[PDB]
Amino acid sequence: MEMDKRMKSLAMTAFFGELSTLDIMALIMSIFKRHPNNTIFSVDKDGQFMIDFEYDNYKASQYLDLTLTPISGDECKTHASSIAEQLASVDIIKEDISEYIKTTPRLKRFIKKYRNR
């Protein structure tokens, strides 16, 4: 019944602000080989759209100390564009995680910094 302390720390310190909600979803997959139970279309304080990812008892947005409200039907038209981008990314991620990491510098770094004795 836990969010990994090390990851949370890295996301909030060494990578503060660099990581998106999809990023976290990716890292979790890559590092813990664990997948979301489901998806949550959502939006933040400033109204930026973002897919969130629900696990056992925590959301990916929580590794980033983020406060997201679910999306309203009315908003769904406003964000159609972003919704597509992100849905795309998720597929690319789901398709070859290993490749996605190698290809995305921020994520490669994070995996490195994550593996320190």
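Residue positions are given as counts along the sequence shown, with the first one as 1.
Per-stretch averaging of Cα B factors for 52-60 and 23-31 places 52-60 on top. Higher average CA B factor: 108-116, of the stretches 4-12 and 108-116.
You'll see in the entry that, of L66, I71, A84, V90, the Cα B factor peaks at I71. Per the PDB record, residue ranking by Cα B-factor puts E99 in the highest third of the chain.
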